[PDB]
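Structure below is input-v9.txt: compact mmCIF, N, CA and C atoms.
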```txt
# COMPACT_ATOMS: atom_id res chain seq x y z
N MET A 1 -23.67 -213.69 47.95
CA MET A 1 -22.43 -213.78 48.70
C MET A 1 -22.56 -213.10 50.06
N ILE A 2 -23.69 -213.36 50.71
CA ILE A 2 -23.95 -212.78 52.02
C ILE A 2 -23.78 -213.86 53.09
N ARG A 3 -23.20 -213.45 54.21
CA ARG A 3 -22.98 -214.37 55.32
C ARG A 3 -24.14 -214.29 56.31
N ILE A 4 -24.73 -215.45 56.57
CA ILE A 4 -25.85 -215.53 57.50
C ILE A 4 -25.41 -216.25 58.77
N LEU A 5 -25.66 -215.61 59.90
CA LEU A 5 -25.29 -216.18 61.18
C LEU A 5 -26.39 -215.88 62.21
N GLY A 6 -26.36 -216.63 63.30
CA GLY A 6 -27.34 -216.45 64.36
C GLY A 6 -28.55 -217.36 64.14
N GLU A 7 -29.70 -216.89 64.61
CA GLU A 7 -30.93 -217.65 64.47
C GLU A 7 -32.14 -216.75 64.70
N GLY A 8 -33.18 -217.00 63.92
CA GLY A 8 -34.40 -216.22 64.03
C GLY A 8 -34.93 -215.84 62.64
N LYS A 9 -36.25 -215.83 62.53
CA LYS A 9 -36.89 -215.49 61.28
C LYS A 9 -36.14 -214.33 60.62
N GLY A 10 -35.38 -214.66 59.59
CA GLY A 10 -34.61 -213.66 58.88
C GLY A 10 -33.74 -214.31 57.79
N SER A 11 -33.11 -215.41 58.17
CA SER A 11 -32.25 -216.13 57.24
C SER A 11 -33.08 -216.69 56.08
N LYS A 12 -34.11 -217.44 56.45
CA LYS A 12 -34.99 -218.03 55.46
C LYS A 12 -35.55 -216.94 54.55
N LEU A 13 -35.82 -215.79 55.15
CA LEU A 13 -36.36 -214.66 54.41
C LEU A 13 -35.25 -214.06 53.54
N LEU A 14 -34.03 -214.19 54.03
CA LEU A 14 -32.88 -213.66 53.31
C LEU A 14 -32.57 -214.57 52.12
N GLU A 15 -32.44 -215.86 52.41
CA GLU A 15 -32.14 -216.84 51.38
C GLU A 15 -33.14 -216.71 50.23
N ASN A 16 -34.28 -216.10 50.53
CA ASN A 16 -35.32 -215.91 49.54
C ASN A 16 -34.88 -214.82 48.56
N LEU A 17 -34.46 -213.70 49.12
CA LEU A 17 -34.02 -212.57 48.31
C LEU A 17 -32.50 -212.41 48.46
N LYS A 18 -31.82 -213.55 48.54
CA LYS A 18 -30.38 -213.54 48.68
C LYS A 18 -29.74 -213.02 47.39
N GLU A 19 -30.05 -213.70 46.30
CA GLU A 19 -29.52 -213.32 45.00
C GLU A 19 -29.91 -211.88 44.67
N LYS A 20 -31.07 -211.48 45.19
CA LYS A 20 -31.57 -210.14 44.96
C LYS A 20 -30.54 -209.12 45.46
N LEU A 21 -29.97 -209.42 46.62
CA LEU A 21 -28.97 -208.55 47.21
C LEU A 21 -27.64 -208.72 46.48
N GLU A 22 -27.40 -209.95 46.04
CA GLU A 22 -26.18 -210.26 45.33
C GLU A 22 -26.07 -209.41 44.06
N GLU A 23 -27.21 -208.90 43.63
CA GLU A 23 -27.26 -208.06 42.44
C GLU A 23 -26.72 -206.66 42.75
N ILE A 24 -27.28 -206.06 43.79
CA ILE A 24 -26.87 -204.73 44.20
C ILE A 24 -25.39 -204.76 44.60
N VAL A 25 -25.04 -205.77 45.38
CA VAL A 25 -23.67 -205.93 45.84
C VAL A 25 -22.76 -206.15 44.63
N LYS A 26 -23.24 -206.96 43.70
CA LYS A 26 -22.48 -207.27 42.50
C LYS A 26 -22.35 -206.00 41.66
N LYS A 27 -23.43 -205.23 41.62
CA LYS A 27 -23.44 -204.00 40.86
C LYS A 27 -22.32 -203.08 41.35
N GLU A 28 -22.42 -202.70 42.61
CA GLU A 28 -21.42 -201.84 43.21
C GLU A 28 -20.01 -202.29 42.82
N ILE A 29 -19.69 -203.52 43.21
CA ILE A 29 -18.39 -204.08 42.90
C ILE A 29 -18.52 -205.60 42.74
N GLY A 30 -19.00 -206.23 43.80
CA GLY A 30 -19.18 -207.68 43.78
C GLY A 30 -18.04 -208.38 44.53
N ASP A 31 -17.78 -207.88 45.73
CA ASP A 31 -16.72 -208.45 46.56
C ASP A 31 -16.87 -207.93 47.99
N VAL A 32 -18.05 -208.16 48.55
CA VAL A 32 -18.33 -207.73 49.91
C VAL A 32 -18.79 -208.93 50.74
N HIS A 33 -18.74 -208.75 52.05
CA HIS A 33 -19.14 -209.80 52.97
C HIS A 33 -19.86 -209.19 54.17
N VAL A 34 -21.18 -209.31 54.16
CA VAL A 34 -21.99 -208.78 55.24
C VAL A 34 -22.49 -209.93 56.11
N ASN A 35 -22.00 -209.96 57.34
CA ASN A 35 -22.40 -211.00 58.28
C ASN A 35 -23.57 -210.50 59.12
N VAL A 36 -24.73 -211.10 58.88
CA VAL A 36 -25.93 -210.73 59.61
C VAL A 36 -26.14 -211.70 60.78
N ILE A 37 -26.45 -211.14 61.93
CA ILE A 37 -26.68 -211.94 63.12
C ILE A 37 -28.15 -211.85 63.52
N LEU A 38 -28.86 -212.95 63.29
CA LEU A 38 -30.27 -213.01 63.62
C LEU A 38 -30.44 -213.26 65.12
N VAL A 39 -31.09 -212.31 65.78
CA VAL A 39 -31.31 -212.42 67.21
C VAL A 39 -32.68 -211.82 67.55
N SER A 40 -33.41 -212.53 68.39
CA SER A 40 -34.73 -212.09 68.80
C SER A 40 -34.60 -210.89 69.75
N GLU A 41 -35.71 -210.59 70.42
CA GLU A 41 -35.73 -209.48 71.36
C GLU A 41 -34.85 -209.78 72.57
N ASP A 42 -35.10 -210.93 73.18
CA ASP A 42 -34.34 -211.35 74.34
C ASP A 42 -32.90 -211.64 73.92
N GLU A 43 -32.77 -212.33 72.80
CA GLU A 43 -31.46 -212.68 72.28
C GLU A 43 -30.60 -211.42 72.11
N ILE A 44 -31.25 -210.37 71.64
CA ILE A 44 -30.56 -209.10 71.43
C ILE A 44 -30.44 -208.36 72.76
N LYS A 45 -31.45 -208.56 73.60
CA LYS A 45 -31.47 -207.91 74.90
C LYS A 45 -30.12 -208.13 75.59
N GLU A 46 -29.68 -209.38 75.57
CA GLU A 46 -28.41 -209.74 76.19
C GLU A 46 -27.25 -209.36 75.28
N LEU A 47 -27.36 -209.77 74.02
CA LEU A 47 -26.33 -209.48 73.04
C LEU A 47 -25.91 -208.01 73.17
N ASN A 48 -26.88 -207.18 73.52
CA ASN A 48 -26.63 -205.76 73.67
C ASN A 48 -25.68 -205.54 74.85
N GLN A 49 -26.05 -206.13 75.98
CA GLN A 49 -25.24 -206.01 77.18
C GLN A 49 -23.92 -206.77 77.02
N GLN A 50 -23.95 -207.76 76.13
CA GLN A 50 -22.77 -208.56 75.87
C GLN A 50 -21.62 -207.68 75.41
N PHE A 51 -21.98 -206.52 74.87
CA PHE A 51 -20.98 -205.58 74.39
C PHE A 51 -21.23 -204.18 74.95
N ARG A 52 -22.46 -203.72 74.78
CA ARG A 52 -22.84 -202.40 75.27
C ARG A 52 -22.89 -202.39 76.80
N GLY A 53 -23.08 -203.58 77.36
CA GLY A 53 -23.15 -203.72 78.80
C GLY A 53 -24.45 -203.14 79.35
N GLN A 54 -25.34 -202.80 78.43
CA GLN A 54 -26.63 -202.23 78.81
C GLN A 54 -27.75 -203.25 78.56
N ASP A 55 -28.79 -203.14 79.36
CA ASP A 55 -29.93 -204.03 79.24
C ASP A 55 -31.11 -203.27 78.63
N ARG A 56 -31.25 -203.41 77.32
CA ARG A 56 -32.33 -202.75 76.61
C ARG A 56 -32.35 -203.19 75.15
N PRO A 57 -33.58 -203.53 74.67
CA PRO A 57 -33.75 -203.97 73.29
C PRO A 57 -33.66 -202.79 72.32
N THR A 58 -33.58 -203.12 71.04
CA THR A 58 -33.49 -202.11 70.01
C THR A 58 -34.05 -202.64 68.69
N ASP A 59 -34.15 -201.74 67.72
CA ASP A 59 -34.66 -202.10 66.41
C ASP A 59 -33.66 -203.03 65.71
N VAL A 60 -32.43 -202.55 65.62
CA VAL A 60 -31.38 -203.32 64.98
C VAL A 60 -30.02 -202.88 65.53
N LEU A 61 -29.18 -203.87 65.80
CA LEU A 61 -27.85 -203.60 66.33
C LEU A 61 -26.85 -203.56 65.18
N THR A 62 -26.08 -202.48 65.14
CA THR A 62 -25.08 -202.31 64.11
C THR A 62 -23.67 -202.48 64.69
N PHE A 63 -22.78 -203.00 63.86
CA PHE A 63 -21.41 -203.21 64.28
C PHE A 63 -20.56 -201.96 64.05
N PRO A 64 -19.83 -201.55 65.12
CA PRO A 64 -18.98 -200.37 65.05
C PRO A 64 -17.71 -200.67 64.25
N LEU A 65 -17.65 -200.09 63.06
CA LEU A 65 -16.50 -200.28 62.19
C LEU A 65 -16.59 -199.31 61.01
N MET A 66 -15.49 -198.61 60.77
CA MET A 66 -15.44 -197.66 59.67
C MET A 66 -14.31 -198.01 58.69
N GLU A 67 -14.65 -198.87 57.74
CA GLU A 67 -13.68 -199.29 56.74
C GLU A 67 -14.21 -198.99 55.34
N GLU A 68 -13.42 -199.38 54.35
CA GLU A 68 -13.79 -199.16 52.96
C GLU A 68 -15.29 -199.37 52.77
N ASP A 69 -15.72 -200.60 53.02
CA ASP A 69 -17.13 -200.94 52.88
C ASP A 69 -17.72 -201.21 54.26
N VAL A 70 -17.40 -202.38 54.79
CA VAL A 70 -17.90 -202.77 56.10
C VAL A 70 -17.27 -204.11 56.50
N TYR A 71 -17.54 -205.12 55.69
CA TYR A 71 -17.02 -206.45 55.94
C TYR A 71 -17.08 -206.79 57.44
N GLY A 72 -18.15 -206.32 58.07
CA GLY A 72 -18.34 -206.57 59.49
C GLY A 72 -19.56 -207.47 59.73
N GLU A 73 -19.99 -207.51 60.98
CA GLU A 73 -21.13 -208.33 61.35
C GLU A 73 -22.17 -207.48 62.08
N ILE A 74 -23.33 -207.34 61.45
CA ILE A 74 -24.41 -206.57 62.03
C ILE A 74 -25.50 -207.51 62.52
N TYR A 75 -26.14 -207.11 63.61
CA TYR A 75 -27.21 -207.91 64.19
C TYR A 75 -28.57 -207.26 63.96
N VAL A 76 -29.56 -208.10 63.70
CA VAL A 76 -30.91 -207.61 63.46
C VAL A 76 -31.89 -208.41 64.32
N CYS A 77 -33.03 -207.79 64.60
CA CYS A 77 -34.05 -208.43 65.40
C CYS A 77 -35.42 -208.05 64.83
N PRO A 78 -36.01 -209.00 64.06
CA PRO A 78 -37.31 -208.77 63.46
C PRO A 78 -38.43 -208.87 64.50
N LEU A 79 -38.02 -209.11 65.74
CA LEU A 79 -38.97 -209.24 66.83
C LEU A 79 -39.51 -207.85 67.18
N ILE A 80 -38.59 -206.93 67.41
CA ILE A 80 -38.96 -205.57 67.75
C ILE A 80 -39.46 -204.84 66.50
N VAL A 81 -38.82 -205.16 65.38
CA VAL A 81 -39.19 -204.55 64.12
C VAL A 81 -40.66 -204.87 63.81
N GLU A 82 -40.98 -206.15 63.89
CA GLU A 82 -42.33 -206.60 63.62
C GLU A 82 -43.31 -205.94 64.59
N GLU A 83 -42.89 -205.85 65.84
CA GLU A 83 -43.71 -205.24 66.87
C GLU A 83 -44.16 -203.84 66.44
N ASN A 84 -43.26 -203.16 65.75
CA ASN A 84 -43.55 -201.81 65.27
C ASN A 84 -44.42 -201.90 64.02
N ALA A 85 -44.12 -202.88 63.19
CA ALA A 85 -44.87 -203.08 61.96
C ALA A 85 -46.30 -203.51 62.30
N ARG A 86 -46.43 -204.13 63.47
CA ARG A 86 -47.74 -204.59 63.92
C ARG A 86 -48.71 -203.41 64.03
N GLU A 87 -48.28 -202.40 64.77
CA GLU A 87 -49.10 -201.21 64.97
C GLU A 87 -49.02 -200.31 63.74
N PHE A 88 -47.83 -200.26 63.16
CA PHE A 88 -47.60 -199.44 61.98
C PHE A 88 -48.01 -200.18 60.71
N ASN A 89 -48.63 -201.33 60.91
CA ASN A 89 -49.08 -202.15 59.79
C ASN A 89 -48.04 -202.08 58.67
N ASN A 90 -46.78 -202.05 59.07
CA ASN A 90 -45.69 -201.99 58.11
C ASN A 90 -45.31 -203.40 57.67
N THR A 91 -44.65 -203.48 56.53
CA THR A 91 -44.23 -204.76 55.99
C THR A 91 -42.86 -205.16 56.55
N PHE A 92 -42.91 -206.01 57.57
CA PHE A 92 -41.69 -206.47 58.21
C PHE A 92 -40.61 -206.79 57.17
N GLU A 93 -41.07 -207.13 55.97
CA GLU A 93 -40.16 -207.46 54.89
C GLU A 93 -39.32 -206.24 54.51
N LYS A 94 -39.99 -205.11 54.39
CA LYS A 94 -39.32 -203.87 54.04
C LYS A 94 -38.44 -203.43 55.21
N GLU A 95 -39.05 -203.37 56.39
CA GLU A 95 -38.34 -202.96 57.58
C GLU A 95 -37.07 -203.80 57.76
N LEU A 96 -37.18 -205.07 57.38
CA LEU A 96 -36.06 -205.98 57.49
C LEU A 96 -35.13 -205.78 56.30
N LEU A 97 -35.73 -205.55 55.15
CA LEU A 97 -34.97 -205.34 53.93
C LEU A 97 -34.00 -204.16 54.13
N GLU A 98 -34.45 -203.20 54.92
CA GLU A 98 -33.65 -202.03 55.21
C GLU A 98 -32.32 -202.44 55.84
N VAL A 99 -32.42 -203.17 56.93
CA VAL A 99 -31.24 -203.63 57.64
C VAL A 99 -30.41 -204.53 56.71
N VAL A 100 -31.11 -205.16 55.77
CA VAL A 100 -30.46 -206.04 54.82
C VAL A 100 -29.58 -205.22 53.89
N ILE A 101 -30.21 -204.26 53.22
CA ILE A 101 -29.49 -203.40 52.29
C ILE A 101 -28.65 -202.40 53.08
N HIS A 102 -28.98 -202.26 54.36
CA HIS A 102 -28.26 -201.35 55.23
C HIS A 102 -26.76 -201.62 55.14
N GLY A 103 -26.44 -202.87 54.84
CA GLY A 103 -25.05 -203.28 54.72
C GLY A 103 -24.48 -202.90 53.35
N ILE A 104 -25.25 -203.22 52.32
CA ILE A 104 -24.84 -202.92 50.96
C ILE A 104 -24.98 -201.42 50.71
N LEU A 105 -26.18 -200.92 50.97
CA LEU A 105 -26.46 -199.51 50.78
C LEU A 105 -25.35 -198.68 51.42
N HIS A 106 -24.74 -199.26 52.44
CA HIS A 106 -23.66 -198.59 53.15
C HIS A 106 -22.48 -198.38 52.20
N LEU A 107 -21.89 -199.49 51.78
CA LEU A 107 -20.76 -199.45 50.88
C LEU A 107 -21.24 -199.13 49.46
N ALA A 108 -22.56 -199.00 49.34
CA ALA A 108 -23.16 -198.71 48.05
C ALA A 108 -22.75 -197.30 47.61
N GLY A 109 -22.53 -196.45 48.60
CA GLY A 109 -22.13 -195.08 48.33
C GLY A 109 -21.12 -194.58 49.36
N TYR A 110 -21.60 -193.76 50.28
CA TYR A 110 -20.75 -193.22 51.32
C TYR A 110 -19.72 -194.24 51.78
N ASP A 111 -18.59 -193.73 52.24
CA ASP A 111 -17.51 -194.59 52.71
C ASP A 111 -16.85 -193.95 53.93
N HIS A 112 -17.30 -194.38 55.10
CA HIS A 112 -16.75 -193.86 56.35
C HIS A 112 -17.11 -192.38 56.48
N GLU A 113 -18.39 -192.09 56.34
CA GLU A 113 -18.87 -190.72 56.44
C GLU A 113 -20.23 -190.69 57.14
N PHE A 114 -21.25 -191.10 56.41
CA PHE A 114 -22.60 -191.12 56.94
C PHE A 114 -22.86 -189.89 57.81
N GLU A 115 -22.38 -188.75 57.33
CA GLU A 115 -22.55 -187.50 58.04
C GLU A 115 -24.00 -187.37 58.53
N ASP A 116 -24.14 -186.70 59.67
CA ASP A 116 -25.46 -186.50 60.25
C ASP A 116 -26.27 -187.79 60.13
N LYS A 117 -25.67 -188.87 60.60
CA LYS A 117 -26.32 -190.17 60.56
C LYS A 117 -26.52 -190.59 59.10
N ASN A 118 -27.51 -189.98 58.47
CA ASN A 118 -27.82 -190.28 57.08
C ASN A 118 -28.23 -188.99 56.37
N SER A 119 -28.16 -189.04 55.05
CA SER A 119 -28.52 -187.89 54.24
C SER A 119 -29.64 -188.27 53.26
N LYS A 120 -30.09 -187.27 52.52
CA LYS A 120 -31.15 -187.48 51.54
C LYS A 120 -30.70 -188.53 50.52
N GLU A 121 -29.39 -188.60 50.35
CA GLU A 121 -28.81 -189.55 49.41
C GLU A 121 -28.97 -190.98 49.93
N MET A 122 -28.59 -191.16 51.18
CA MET A 122 -28.69 -192.47 51.81
C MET A 122 -30.14 -192.92 51.92
N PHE A 123 -31.03 -191.94 52.02
CA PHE A 123 -32.45 -192.23 52.13
C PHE A 123 -33.00 -192.80 50.82
N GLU A 124 -32.81 -192.04 49.75
CA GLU A 124 -33.28 -192.46 48.44
C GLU A 124 -32.47 -193.66 47.95
N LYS A 125 -31.17 -193.61 48.21
CA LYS A 125 -30.28 -194.68 47.81
C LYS A 125 -30.64 -195.95 48.57
N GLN A 126 -31.22 -195.76 49.75
CA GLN A 126 -31.62 -196.88 50.58
C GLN A 126 -32.97 -197.43 50.12
N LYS A 127 -33.81 -196.53 49.65
CA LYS A 127 -35.13 -196.92 49.17
C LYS A 127 -35.01 -197.51 47.77
N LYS A 128 -33.87 -197.24 47.14
CA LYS A 128 -33.62 -197.73 45.80
C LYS A 128 -33.49 -199.26 45.84
N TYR A 129 -32.50 -199.72 46.60
CA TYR A 129 -32.26 -201.14 46.74
C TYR A 129 -33.42 -201.83 47.46
N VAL A 130 -34.04 -201.08 48.37
CA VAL A 130 -35.16 -201.60 49.13
C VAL A 130 -36.27 -202.01 48.17
N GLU A 131 -36.68 -201.07 47.34
CA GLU A 131 -37.73 -201.32 46.37
C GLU A 131 -37.26 -202.32 45.32
N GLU A 132 -35.97 -202.23 45.00
CA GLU A 132 -35.39 -203.12 44.01
C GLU A 132 -35.35 -204.56 44.55
N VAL A 133 -34.85 -204.69 45.77
CA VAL A 133 -34.75 -205.99 46.40
C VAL A 133 -36.16 -206.48 46.78
N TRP A 134 -36.97 -205.53 47.22
CA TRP A 134 -38.34 -205.84 47.62
C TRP A 134 -39.15 -206.09 46.35
N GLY A 135 -38.58 -205.69 45.22
CA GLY A 135 -39.24 -205.86 43.94
C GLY A 135 -39.69 -207.31 43.75
N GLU A 136 -39.01 -208.21 44.45
CA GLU A 136 -39.32 -209.62 44.36
C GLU A 136 -40.42 -209.98 45.37
N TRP A 137 -40.13 -209.71 46.63
CA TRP A 137 -41.08 -210.00 47.69
C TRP A 137 -42.39 -209.26 47.38
N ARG A 138 -42.26 -208.23 46.56
CA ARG A 138 -43.41 -207.43 46.17
C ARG A 138 -44.54 -208.34 45.68
N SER A 139 -44.15 -209.44 45.05
CA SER A 139 -45.12 -210.39 44.53
C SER A 139 -45.89 -211.03 45.69
N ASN A 140 -45.38 -210.81 46.89
CA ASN A 140 -46.01 -211.36 48.08
C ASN A 140 -46.15 -210.26 49.13
N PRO A 141 -47.07 -209.31 48.84
CA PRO A 141 -47.31 -208.20 49.76
C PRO A 141 -48.11 -208.66 50.97
N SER A 142 -48.39 -207.71 51.85
CA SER A 142 -49.15 -208.00 53.06
C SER A 142 -48.32 -208.87 54.00
N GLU A 143 -48.04 -210.08 53.54
CA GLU A 143 -47.26 -211.02 54.33
C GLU A 143 -48.04 -211.44 55.58
N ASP A 144 -49.32 -211.12 55.58
CA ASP A 144 -50.18 -211.45 56.70
C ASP A 144 -51.55 -211.91 56.18
N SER A 145 -52.35 -212.43 57.09
CA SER A 145 -53.68 -212.91 56.74
C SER A 145 -54.60 -211.72 56.44
N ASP A 146 -54.88 -210.95 57.48
CA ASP A 146 -55.74 -209.79 57.34
C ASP A 146 -56.96 -210.16 56.50
N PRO A 147 -58.02 -210.64 57.20
CA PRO A 147 -59.25 -211.03 56.53
C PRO A 147 -60.05 -209.80 56.09
N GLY A 148 -59.43 -209.01 55.22
CA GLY A 148 -60.07 -207.81 54.72
C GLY A 148 -59.67 -207.55 53.26
N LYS A 149 -58.52 -206.90 53.10
CA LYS A 149 -58.01 -206.59 51.78
C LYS A 149 -58.10 -207.83 50.89
N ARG A 150 -58.58 -207.62 49.68
CA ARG A 150 -58.72 -208.72 48.73
C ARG A 150 -57.90 -208.43 47.47
```
Encoded form (structure tokens):
Amino acid sequence: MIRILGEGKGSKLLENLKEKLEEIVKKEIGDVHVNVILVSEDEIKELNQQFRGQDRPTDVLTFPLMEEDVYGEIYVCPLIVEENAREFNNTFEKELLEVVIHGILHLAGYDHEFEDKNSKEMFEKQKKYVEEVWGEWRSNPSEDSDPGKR
């Protein structure tokens, strides 16, 4: 029951582990609506100024709203994320999964608090759904060619 909007490698990846998230969301309560906006680097570059009025890319754009859960629209950009995963040889899937669960994990616990940005709770609670949701994609690690690891 997740809302997908925008465009860019993310939806197809979401639709893959869509139900996966529907589980965590369903667990918590099962009545949330997270609108994700897929936008590339440039797409976000402007989208940023479109509201922030500033010209600068970012990892992921979050929607300013403090309600029960969220029921808002957050924007993500796997362009910059991947760029980091490139050097950090990180799994764009996880890095993306974060922003994915970032919506659920949000209403998953804290409610209009997120004191000091995040806490040890949000960290582990975030890695919980991450590993849980990634538990599926896990069957497809690497996500890259890498003519080495066998």
| task | List the neighbours of stretch 90-106 of chain A out to 6.5 Å using only N, CA and C atoms; skip same-chain residues closer than 4 positions along the sequence, and give me the result as a PyMOL selection string. | result | chain A and resi 25+34+69+81-82+84-86+110-111+125-126+129-130+142
| Can you tell me how far atom N of residue A:80 sits from atom C of residue A:22, in Å to one decimal? |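 That distance, rounded to one decimal, is 26.6 Å.
By chain and then residue number, the residues within 12 Å of residue A:63 are residues 34, 35, 36, 37, 47, 48, 51, 52, 67, 70, 71, 72, 73, 74, 75, 76, 99, 102 and 103 of chain A, counting only C-alpha atoms and disregarding those fewer than 4 positions away in sequence.
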| said: Just to confirm, what's the straight-line distance from atom CA of residue A:8 to atom CA of residue A:38 in Å (one decimal)? | reply: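 Here the two named atoms are 5.2 Å from each other.
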| field | Point-to-point distance in Å for atom CA of residue A:61 and atom N of residue A:20 | value |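 Here the two named atoms are 22.8 Å from each other.
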With 12 Å as the threshold, what does the neighbourhood of (-34.0, -217.3, 57.7) contain in terms of residues, counting only C-alpha atoms? Coordinates are those of the file; answer as a short mmCIF file (atom, residue, chain, number, x, y, z; two decimals) with N, CA and C atoms, in the frame of the given file.
```cif
data_model
loop_
_atom_site.label_atom_id
_atom_site.label_comp_id
_atom_site.auth_asym_id
_atom_site.auth_seq_id
_atom_site.Cartn_x
_atom_site.Cartn_y
_atom_site.Cartn_z
N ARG A 3 -23.20 -213.45 54.21
CA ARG A 3 -22.98 -214.37 55.32
C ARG A 3 -24.14 -214.29 56.31
N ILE A 4 -24.73 -215.45 56.57
CA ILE A 4 -25.85 -215.53 57.50
C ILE A 4 -25.41 -216.25 58.77
N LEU A 5 -25.66 -215.61 59.90
CA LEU A 5 -25.29 -216.18 61.18
C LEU A 5 -26.39 -215.88 62.21
N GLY A 6 -26.36 -216.63 63.30
CA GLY A 6 -27.34 -216.45 64.36
C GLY A 6 -28.55 -217.36 64.14
N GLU A 7 -29.70 -216.89 64.61
CA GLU A 7 -30.93 -217.65 64.47
C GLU A 7 -32.14 -216.75 64.70
N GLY A 8 -33.18 -217.00 63.92
CA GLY A 8 -34.40 -216.22 64.03
C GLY A 8 -34.93 -215.84 62.64
N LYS A 9 -36.25 -215.83 62.53
CA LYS A 9 -36.89 -215.49 61.28
C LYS A 9 -36.14 -214.33 60.62
N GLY A 10 -35.38 -214.66 59.59
CA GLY A 10 -34.61 -213.66 58.88
C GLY A 10 -33.74 -214.31 57.79
N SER A 11 -33.11 -215.41 58.17
CA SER A 11 -32.25 -216.13 57.24
C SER A 11 -33.08 -216.69 56.08
N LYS A 12 -34.11 -217.44 56.45
CA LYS A 12 -34.99 -218.03 55.46
C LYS A 12 -35.55 -216.94 54.55
N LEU A 13 -35.82 -215.79 55.15
CA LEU A 13 -36.36 -214.66 54.41
C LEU A 13 -35.25 -214.06 53.54
N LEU A 14 -34.03 -214.19 54.03
CA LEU A 14 -32.88 -213.66 53.31
C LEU A 14 -32.57 -214.57 52.12
N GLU A 15 -32.44 -215.86 52.41
CA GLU A 15 -32.14 -216.84 51.38
C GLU A 15 -33.14 -216.71 50.23
N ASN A 16 -34.28 -216.10 50.53
CA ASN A 16 -35.32 -215.91 49.54
C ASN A 16 -34.88 -214.82 48.56
N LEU A 17 -34.46 -213.70 49.12
CA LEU A 17 -34.02 -212.57 48.31
C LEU A 17 -32.50 -212.41 48.46
N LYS A 18 -31.82 -213.55 48.54
CA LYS A 18 -30.38 -213.54 48.68
C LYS A 18 -29.74 -213.02 47.39
N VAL A 36 -24.73 -211.10 58.88
CA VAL A 36 -25.93 -210.73 59.61
C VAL A 36 -26.14 -211.70 60.78
N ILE A 37 -26.45 -211.14 61.93
CA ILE A 37 -26.68 -211.94 63.12
C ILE A 37 -28.15 -211.85 63.52
N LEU A 38 -28.86 -212.95 63.29
CA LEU A 38 -30.27 -213.01 63.62
C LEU A 38 -30.44 -213.26 65.12
N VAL A 39 -31.09 -212.31 65.78
CA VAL A 39 -31.31 -212.42 67.21
C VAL A 39 -32.68 -211.82 67.55
N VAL A 76 -29.56 -208.10 63.70
CA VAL A 76 -30.91 -207.61 63.46
C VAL A 76 -31.89 -208.41 64.32
N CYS A 77 -33.03 -207.79 64.60
CA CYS A 77 -34.05 -208.43 65.40
C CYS A 77 -35.42 -208.05 64.83
N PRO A 78 -36.01 -209.00 64.06
CA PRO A 78 -37.31 -208.77 63.46
C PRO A 78 -38.43 -208.87 64.50
N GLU A 93 -41.07 -207.13 55.97
CA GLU A 93 -40.16 -207.46 54.89
C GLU A 93 -39.32 -206.24 54.51
N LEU A 96 -37.18 -205.07 57.38
CA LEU A 96 -36.06 -205.98 57.49
C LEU A 96 -35.13 -205.78 56.30
#
```
| request: Choose the residue, out of A:46, A:138, A:113, A:118, that has the smallest atom-to-atom separation from residue A:66; count only N, CA and C atoms. | output: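 Under the stated criterion, the closest residue is A:113.
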Could you pull out all residues of chain A with a DSSP call of strand (DSSP E or B) and give them as a CSV table (one decimal) with N, CA and C atoms, in the coordinates of the input?
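Output contents, as saved in selection.csv:
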```csv
chain,number,residue,atom,x,y,z
A,3,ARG,N,-23.2,-213.4,54.2
A,3,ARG,CA,-23.0,-214.4,55.3
A,3,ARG,C,-24.1,-214.3,56.3
A,4,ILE,N,-24.7,-215.4,56.6
A,4,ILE,CA,-25.8,-215.5,57.5
A,4,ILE,C,-25.4,-216.2,58.8
A,5,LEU,N,-25.7,-215.6,59.9
A,5,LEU,CA,-25.3,-216.2,61.2
A,5,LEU,C,-26.4,-215.9,62.2
A,6,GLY,N,-26.4,-216.6,63.3
A,6,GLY,CA,-27.3,-216.4,64.4
A,6,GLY,C,-28.6,-217.4,64.1
A,35,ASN,N,-22.0,-210.0,57.3
A,35,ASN,CA,-22.4,-211.0,58.3
A,35,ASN,C,-23.6,-210.5,59.1
A,36,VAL,N,-24.7,-211.1,58.9
A,36,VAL,CA,-25.9,-210.7,59.6
A,36,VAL,C,-26.1,-211.7,60.8
A,37,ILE,N,-26.4,-211.1,61.9
A,37,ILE,CA,-26.7,-211.9,63.1
A,37,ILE,C,-28.2,-211.8,63.5
A,38,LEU,N,-28.9,-213.0,63.3
A,38,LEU,CA,-30.3,-213.0,63.6
A,38,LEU,C,-30.4,-213.3,65.1
A,60,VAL,N,-32.4,-202.6,65.6
A,60,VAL,CA,-31.4,-203.3,65.0
A,60,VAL,C,-30.0,-202.9,65.5
A,61,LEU,N,-29.2,-203.9,65.8
A,61,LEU,CA,-27.8,-203.6,66.3
A,61,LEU,C,-26.8,-203.6,65.2
A,73,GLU,N,-20.0,-207.5,61.0
A,73,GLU,CA,-21.1,-208.3,61.4
A,73,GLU,C,-22.2,-207.5,62.1
A,74,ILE,N,-23.3,-207.3,61.4
A,74,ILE,CA,-24.4,-206.6,62.0
A,74,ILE,C,-25.5,-207.5,62.5
A,75,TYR,N,-26.1,-207.1,63.6
A,75,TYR,CA,-27.2,-207.9,64.2
A,75,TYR,C,-28.6,-207.3,64.0
A,76,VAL,N,-29.6,-208.1,63.7
A,76,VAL,CA,-30.9,-207.6,63.5
A,76,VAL,C,-31.9,-208.4,64.3
```
